[PDB]
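Asks: Below is the structure I would like to discuss, written out as structure tokens.
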Amino acid sequence: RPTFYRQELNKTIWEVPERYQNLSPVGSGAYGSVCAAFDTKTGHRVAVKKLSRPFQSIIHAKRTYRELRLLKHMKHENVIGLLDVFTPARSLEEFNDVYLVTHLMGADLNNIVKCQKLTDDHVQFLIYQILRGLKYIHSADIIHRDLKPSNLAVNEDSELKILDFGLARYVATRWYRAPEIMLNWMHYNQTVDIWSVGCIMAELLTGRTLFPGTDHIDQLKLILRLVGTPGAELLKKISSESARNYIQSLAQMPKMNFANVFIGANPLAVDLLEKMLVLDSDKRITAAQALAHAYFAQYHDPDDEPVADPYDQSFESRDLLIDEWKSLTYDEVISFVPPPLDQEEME
Ligand SMILES: Nc1nccc(-c2c(-c3ccc(F)cc3)ncn2C2CCNCC2)n1
Ligand SMILES: CCNC(=N)NC[C@H]1[C@@H]2C[C@H]3C[C@@H](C2)C[C@@H]1C3
Ligand SMILES: [Ca+2]
Ligand SMILES: [Ca+2]
Ligand SMILES: [Ca+2]
Ligand SMILES: [Ca+2]
Ligand SMILES: [Cl-]
């Protein structure tokens, strides 16, 4: 059995195996807070997330199970996955704390673009990696729904991983959210995340936020100025009569030619943005299709753009008692198998 030690971090006690040393806070994550650490077993740097009150309510308990199940399933170089999961509890009866461990990523995407005019080749690499991660999660019927620069972890070499996907069943930015999500439209698909990629890519190319709306109405008006007024077919998706009447009442605006908006950008980048930033979600390019776009020609490699194993989400439709979610979560902690340190081979 491993020996644990206690340390106060972010004003609360963390209890971790002695394997993990030099814990230092690196910010909050979804439903928890994160510390960087040194893994003395492998000499690797890791990030340890302590979930906040994982079993306080049925909402917390199911979200704890959801996150652990998802992260145990994700095995892709552009998606956050698990090196370890632990609890100081010796039994289910004692079980009240869950810690998740992944490879340390020092920054988020806001740290990459803030003080650096990115080259086009570098933007290609960043967006390529997002799309590769999205192809993988979407292939398991998992959608992010709130993709944004602060949900993209990046290391010192610009390697990127998607995180905080598949969650949520504090005031957040809405500047990157798909219109169908921001406005609660009745049905949507995986391409909500592609809208977000378009917003991110636009900002990496120009250094400016594409749609910096002050509220949901101002954000919609900014979007429509770029993409033009939608047809009546799009109203089909909106439940609220007041919202439909409002949108319908707006003066007709033509779509802008993106070449006149992103002056000086690679024409292939402009073409890709035109395919991502479409209001018709059935018309939006998918992640897999975007990976084949000529903008990524120097990075694209079909042998290294894998899909996910099938993911059983049947638990999502079930209402269970708190102790049932807790026991299921405990089972998943105990059954976790750490991956090999080296899981890759030369092409
Ligand atoms: N520094 C770093 N490195 C990797 C991941 C994270 C991380 C996690 C997280 C998720 C699962 C897990 F098992 C361990 C940690 N959740 C939020 N963050 C963020 C902390 C600050 N914003 C950027 C990443 N932070
Ligand atoms: C922070 C800087 N970003 C912006 N001012 N974005 C809004 C503009 C862009 C999106 C719509 C079409 C064009 C291009 C004109 C506006 C509205
Ligand atoms: Ca390759
Ligand atoms: Ca490597
Ligand atoms: Ca290897
Ligand atoms: Ca090959
Ligand atoms: Cl599974």
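We number chain A the way Swiss-Prot does; in order, the residues shown are 5-173, 182-359.
Determined by X-ray crystallography, 1.2 Å, according to the entry header.
Just so you know, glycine gets a Cβ as well, placed from its N, Cα and C.
Below are the features I grabbed from Swiss-Prot:
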ACT_SITE  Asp168  active site, proton acceptor
BINDING   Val30, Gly31, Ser32, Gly33, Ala34, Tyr35, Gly36, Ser37, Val38, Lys53  ATP binding site
MOD_RES   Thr16  phosphothreonine
MOD_RES   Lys53  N6-acetyllysine
MOD_RES   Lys152  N6-acetyllysine
MOD_RES   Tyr182  phosphotyrosine
MOD_RES   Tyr182  phosphotyrosine
MOD_RES   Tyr323  phosphotyrosine
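So where do these features actually land, and what's packed around them?
Replies: With a cut-off of 8 Å between CB atoms and residues at least 6 apart in sequence, the same chain places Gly33, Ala34, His148, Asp150, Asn155 near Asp168 (active site, proton acceptor), listed in sequence order.
Under DSSP, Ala34 (ATP binding site) is assigned to coil, being neither helix nor strand in the three-state scheme.
In the three-state DSSP reading, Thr16 (phosphothreonine) counts as strand. The Cβ of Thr16 (phosphothreonine) has 10 neighbouring Cβ atoms from other residues within 10 Å, across all protein chains displayed.
The Cβ of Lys53 (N6-acetyllysine) has 24 neighbouring Cβ atoms from other residues within 10 Å, across all protein chains displayed.
Summarising the environment of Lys152 (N6-acetyllysine), the number of other Cβ atoms within 10 Å of its Cβ, over all protein chains shown, is 20. Under the three-state DSSP scheme, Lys152 (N6-acetyllysine) falls in the coil class.
Sequence-distant neighbours of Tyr182 (phosphotyrosine): no residue of the same chain at least 6 apart has a C-beta under 8 Å from its C-beta.
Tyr323 (phosphotyrosine) counts 15 other C-beta atoms within 10 Å of its own C-beta, drawing on all protein chains shown. DSSP classifies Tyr323 (phosphotyrosine) as coil under the three-state reduction.
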Asks: Measure from the Cα of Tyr323 (phosphotyrosine) to the Cα of every one of the binding-site residues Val30, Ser32, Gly36, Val38, then give the nearest.
Replies: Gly36
Asks: I'd like the Cβ neighbour count for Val30 (ATP binding site), meaning other Cβ atoms within 10 Å of its Cβ, all protein chains included.
Replies: 18
Asks: Find the shortest Cα-Cα separation between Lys152 (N6-acetyllysine) and the recorded positions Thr16, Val30, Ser32, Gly36, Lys53, and name the residue that gives it.
Replies: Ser32
Asks: Cβ neighbours within 10 Å, counted over all protein chains: which one of the binding-site residues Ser32, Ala34, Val38 has the most?
Replies: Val38
Asks: Across the 8 residues that the deposited model omits, what is the distance in Å between the Cα of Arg173 and that of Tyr182?
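Replies: With 8 residues absent from the model, the flanking Cα atoms are 16 Å apart.
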